[PDB]
Participant: 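Structure provided below as C-alpha cells; questions to follow.
Order of the sequence lines fixes the chain letters, A, B, ..., with proteins taken first and strands second; residue numbering starts at 1 for each chain. Start at 1 and go down the list; that is how both ligands and their atoms are numbered.
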Number of protein chains: 2
Amino acid sequence: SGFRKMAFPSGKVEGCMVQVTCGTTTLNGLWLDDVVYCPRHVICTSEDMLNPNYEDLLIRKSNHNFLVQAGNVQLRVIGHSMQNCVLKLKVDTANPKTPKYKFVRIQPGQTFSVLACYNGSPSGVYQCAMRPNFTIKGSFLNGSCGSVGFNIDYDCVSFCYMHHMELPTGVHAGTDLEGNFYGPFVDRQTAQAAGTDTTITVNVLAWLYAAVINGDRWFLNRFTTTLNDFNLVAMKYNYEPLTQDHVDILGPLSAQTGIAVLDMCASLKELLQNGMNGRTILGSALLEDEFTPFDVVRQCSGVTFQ
Amino acid sequence: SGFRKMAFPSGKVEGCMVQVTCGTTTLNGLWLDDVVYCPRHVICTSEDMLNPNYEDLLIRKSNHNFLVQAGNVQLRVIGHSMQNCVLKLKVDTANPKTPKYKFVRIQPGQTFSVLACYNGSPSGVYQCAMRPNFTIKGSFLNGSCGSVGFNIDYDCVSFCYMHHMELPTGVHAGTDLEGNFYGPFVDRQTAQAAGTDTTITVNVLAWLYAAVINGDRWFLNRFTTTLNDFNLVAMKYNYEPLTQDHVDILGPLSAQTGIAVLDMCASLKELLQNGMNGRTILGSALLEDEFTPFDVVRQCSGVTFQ
Ligand SMILES: *C(=N)[C@H](C[C@@H]1CCNC1=O)NC(=O)[C@@H]1[C@@H]2[C@H](CN1C(=O)[C@@H](NC(=O)C(F)(F)F)C(C)(C)C)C2(C)C
Ligand SMILES: *C(=N)[C@H](C[C@@H]1CCNC1=O)NC(=O)[C@@H]1[C@@H]2[C@H](CN1C(=O)[C@@H](NC(=O)C(F)(F)F)C(C)(C)C)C2(C)C
C-alpha cells in the first residue's frame, strides 16, 4: 500500500552526465557513445543572448574551444555540429557506460523523471509531467541546463527532454534530444510567455483509481454520466476533454476496482461542482494530475526494470 | 526556481541490491563488500510468522539453504549470522561496486530517499520523512522487504533504513542497518499499531521559507510572537513544540529572506487558526512537513554530490 510521487532509478543516466565548458559558460552534457549532446547556447556570451546568430557563433569556434570533463577525465573534442537547438560534440572516447537508449518525443500529459545536474554532477531526481501548454513545473537553478528527462522501458532508457530555460512564471521549457523545442519557445532572452494551462483529466481519473485501490472511497457515488455530459462540465473548469481512447486506457484500473470509467467521471463531476470540503484524497487537498494511468498500474502492481 | 519532492540519485545504491531466496521466500538484500544484509524473516515460512523463534529457525539452516543472486551471477554463501533483526550473509565475492558508506540511525523529522526494489531489481525512488511515531508513509508491495533508505553526504552513502513490514493503517516500519527497529515494533505477525502522529513544525517552517524564496508571500504578516506563545498554539493543533535549536537551524533561511524565525511563526500561527481558505502554497492546499531545513537549502541553493 501507499502512493508516492515516484521517479525512475537514475543509475543508468548518472553515468552519462558530463560537464561542458565553452568560454566562461559551463553547463551539462549527455555523453552517449562518442557524442556529447548539450544546449547550443553554451556558445553564447552575455552580448549574444538577446539576439544570437548561432550559425555565426558556431563557425567562429574550433574543437579546442570546448572543454568536456567526465569527472576528472578530460574528453578530447574531435568534431562538432549543430542539430536544431542542440550541439553534438564528437569526442575521441566512446562512453563505456552507454546504456541501451533511444530518443523519443513525448506528448502533453505524459510523465518522466528529471535528473537535475550542476557541473556534470547529479544533484537530485524527481518526477514531472509535460503540461498541456508544453512547459514543465520543474525545480532548476543556474547551471542546470543540459539536465535530461527520461523514462525506462525494461532495459531501455528513453530520453525525452533536455533543459534549456526558465520562463518568467517560474516554469521550465526545453527540447527533445533532436533539439526541437517543446512548445512555441526559442533559445534567446526575448519576452516569451507560456499559454494558459489546463488540468489533465485522464490523469486525475487514474489518481482517483489509485485512491480507491488504497482505501479512500468517500468520494464515490452511484451515479453514471456520459462522455458528452462530463466533457460539458469539464470545459467549464478548464479540464481537458475526455476521449474514448482515454476510457480504454483506464480499462485495467476499472477492471481491478470494479468501478466503471463513466461511474468515476460522475464522482469527478461532483468533486468539481461541490469541492472537497476539507477532506483529502491520498493526502492531498487538491486533485492531482501528474500521474498517468501507467504510473498508477506500475506503482500499484510493482513493475521493475533490468 | 521551483520546488519539488526531490530524491537523491540512486546509482550508487542500485549497484548493491541483490535477491535473497531461502525456501519459498524471496526478498531483497544489500551487498556491501563480502556481506549481504537482509531482513531475518527471510528464514520464515507461513507457520512461523505468528510466533517465530529466530534462534531455532536459524540453527536449522545451512549456508546452502540461502540463494543469493546479483542479476544473473549467483553468490556463494560461506557463512551466516544474525544481528538483531537483520541477517548478515557472508559471501565469497566482495562487491566491486561498494561505495564509501556508513550506517546511521536517523531521528524523527529527518528525511531520506527510498530505493524500492523487487527481486533484487530497483523499481523506483522517492523521498520520505521518519514520522514522530517512528513509521514512514512509504509505497511498498509484497516482495519489497530489504529495500533500503539512504542519504548522500558528498561522496558517502549513509544507509539509515531497511524495510520490514506494513502496518494495518497502511504505513511502514523497519530497522536501521544494525537491525534495531525504529519504534516499538517487532518482526512478527501480531497486532501492532502505530501511535498517534504529529506534524513536524520545524519542517513546516522550512517549507514556508521555500515558498517565500519562490515568490509565494500572501500568508506573511507584520506580527511577531514568542516561542512560548507559539508552542501553546501548536500543541492545540498536534504540532511538535518548537525549540531554540530549531530556531538556530532555520538561521540560513531567515538570513536569505530577511524574515525572522519568530515572524514566520506568527504567519504559521495565523494559518493554523484561520486555515488557508482555498489558497495554495507551492501548489499545495495543506501545510507540508516532509522537507527539512537542509532539504530546502539544498534545493534552493544547488548542492551536488561526487
Ligand atoms: C541554463 N543554464 C539556464 C537555466 C535557468 C536559470 C534559472 N533556472 C533555469 O531553469 N538557462 C538560461 O539561463 C536561459 C538561457 C538564456 C536565458 N535563459 C533563461 O532561462 C532566462 N529566461 C528567459 O530568457 C525567458 F523568459 F525567455 F525564458 C532567465 C531570465 C535567466 C530565467 C537562454 C539562452 C535561453
Ligand atoms: C516484505 N516482503 C513485506 C512487505 C509488506 C507487504 C505489503 N507491503 C509491505 O510493506 N513484509 C511482510 O510481509 C511482513 C512480514 C510478516 C508480516 N508482514 C507484514 O507486513 C504484515 N503486517 C503485519 O503483520 C503488521 F501489521 F503487524 F505489521 C501484512 C499483514 C502482510 C501487511 C513479517 C515477518 C513482519
Side-chain angles (χ1 to χ4, degrees), chain A residues 1-2 20 25-28 38-46 48-52 54 57 85 114 116-119 135-147 162-175 181 183 185-194 300 302, chain B residues 1-2 20 25-28 38-46 48-52 54 57 85 114 116-119 135-147 162-175 181 183 185-194 300 302:
Chain A
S1 317
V20 177
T25 287
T26 293
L27 42 73
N28 308 279
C38 67
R40 70 179 175 170
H41 71 253
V42 67
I43 69 180
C44 292
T45 69
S46 307
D48 302 313
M49 302 225 194
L50 178 69
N51 186 40
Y54 287 97
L57 296 171
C85 298
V114 168
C117 293
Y118 303 91
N119 307 299
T135 68
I136 68 174
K137 301 165 172 175
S139 172
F140 288 120
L141 305 171
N142 283 95
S144 60
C145 282
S147 297
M162 177 179 273
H163 184 58
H164 288 246
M165 57 197 250
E166 179 164 313
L167 295 166
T169 48
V171 294
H172 299 105
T175 66
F181 255 98
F185 311 114
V186 293
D187 49 346
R188 48 189 286 257
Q189 200 153 338
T190 182
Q192 330 187 40
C300 300
Chain B
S1 317
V20 177
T25 287
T26 293
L27 42 73
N28 308 279
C38 67
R40 70 179 175 170
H41 71 253
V42 67
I43 69 180
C44 292
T45 69
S46 307
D48 302 313
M49 302 225 194
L50 178 69
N51 186 40
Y54 287 97
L57 296 171
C85 298
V114 168
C117 293
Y118 303 91
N119 307 299
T135 68
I136 68 174
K137 301 165 172 175
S139 172
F140 288 120
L141 305 171
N142 283 95
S144 60
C145 282
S147 297
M162 177 179 273
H163 184 58
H164 288 246
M165 57 197 250
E166 179 164 313
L167 295 166
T169 48
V171 294
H172 299 105
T175 66
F181 255 98
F185 311 114
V186 293
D187 49 346
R188 48 189 286 257
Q189 200 153 338
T190 182
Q192 330 187 40
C300 300

Participant: Under 4.0 Å from ligand 2, counting heavy atoms only, is it the side chain of B:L27, its backbone, both or neither?
Facilitator: neither

Participant: Any side-chain heavy atom of A:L27 within less than 4.5 Å of one from A:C38?
Facilitator: yes

Participant: Return the CD to OG distance between B:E166 and A:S1, rounded to the nearest 0.5 Å.
Facilitator: 3.5 Å

Participant: Just wondering, do A:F140 and A:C145 contact through their side chains at under 4.5 Å, heavy atoms?
Facilitator: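 Answer no - side chains too far apart.
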
Participant: Side chain, backbone, both or neither: which part of B:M49 comes within less than 4.0 Å of ligand 2 when only heavy atoms are counted?
Facilitator: side chain

Participant: To the nearest 0.5 Å, tell me how far A:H41 NE2 sits from A:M49 CE.
Facilitator: 6.0 Å

Participant: Would one find an N or O of B:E166, backbone or side chain, under 3.5 Å from an N or O of ligand 2?
Facilitator: yes

Participant: Check each atom of ligand 1 against the heavy atoms of A:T190 and keep those under 4.0 Å away; list them by number with element.
Facilitator: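 Near A:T190, meaning under 4.0 Å from one of its heavy atoms, ligand 1 has 27 (F).
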
Participant: Is the closest heavy atom of B:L167 to ligand 2 under 4.0 Å?
Facilitator: yes

Participant: Number the atoms of ligand 1 from 1 as they appear, then name those within less than 4.0 Å of a heavy atom of A:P168, with their elements.
Facilitator: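 Under 4.0 Å from A:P168, ligand 1 has these atoms: 26 (F).
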
Participant: So is B:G143 close enough to ligand 2, meaning a heavy atom under 4.0 angstrom away?
Facilitator: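 Distance cut 4.0 Å: B:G143 passes for ligand 2.
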
Participant: What is the nearest protein non-hydrogen atom to atom 14 (C) of ligand 1, stated with its residue, atom name and distance?
Facilitator: A:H164 O, 3.6 Å

Participant: Just how far is it from atom CD1 of A:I136 to atom CG of A:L167, taken to the nearest 0.5 Å?
Facilitator: 10.5 Å

Participant: Considering non-hydrogen atoms only, spot the tightest contact between B:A173 and B:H163 and give its length.
Facilitator: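 Where B:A173 meets B:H163 most closely, the heavy atoms are O-ND1, 3.8 Å.
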
Participant: Determine the minimum heavy-atom distance between A:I43 and A:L57, stating which atoms define it.
Facilitator: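 Scanning both residues, the minimum pair turns out to be CD1-CB, 3.7 Å.
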
Participant: Hey, is ligand 2 close enough to B:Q192 that some N/O pair sits below 3.5 Å?
Facilitator: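 Looking only at distances, the answer is no, because the N/O contact criterion of under 3.5 Å is not met.
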
Participant: Near A:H163, which atoms of ligand 1 are under 4.0 Å from a heavy atom of that residue?
Facilitator: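 Per the distance check, 4 (C), 9 (C), 10 (O).
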
Participant: Could you tell me the residue and atom name of the protein heavy atom closest to atom 17 (C) of ligand 2, and the distance to it rounded to 0.1 Å?
Facilitator: B:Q189 OE1, 3.6 Å

Participant: Using 30° and 60° as the class limits, which term best fits the ring planes of B:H164 and B:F181: parallel, tilted or perpendicular?
Facilitator: tilted

Participant: For ligand 1, which atoms, with element, lie under 4.0 Å from some heavy atom of A:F140?
Facilitator: 8 (N), 10 (O)

Participant: Among all protein heavy atoms, pick the one closest to atom 13 (O) of ligand 1 and tell me residue, atom and distance.
Facilitator: A:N142 ND2, 4.9 Å

Participant: If you scan the protein for heavy atoms around atom 27 (F) of ligand 2, do you find one that is closer than 4.0 Å?
Facilitator: yes

Participant: How long is the straight-line distance from OG of B:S139 back to NE2 of B:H172, given to the nearest 0.5 Å?
Facilitator: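 Result: 7.0 Å between the selected atoms.
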
Participant: To the nearest 0.5 Å, what is the distance between CE (B:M165) and CD (B:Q189)?
Facilitator: 9.5 Å

Participant: Around atom 18 (N) of ligand 2, find the nearest protein heavy atom and jot down its residue, atom name and distance.
Facilitator: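 Answer for atom 18 (N) of ligand 2: B:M165 CB, 4.2 Å.
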
Participant: Would you mind listing which atoms of ligand 1 come within a distance below 4.0 Å of any non-hydrogen atom of A:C145?
Facilitator: 1 (C), 2 (N), 3 (C), 4 (C), 11 (N)

Participant: Examine distances only and state if a side-chain atom of B:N28 and a backbone atom of B:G143 form a donor-acceptor pair shorter than 3.5 Å.
Facilitator: yes

Participant: Under 4.0 Å from atom 31 (C) of ligand 2, do we find at least one protein heavy atom?
Facilitator: no

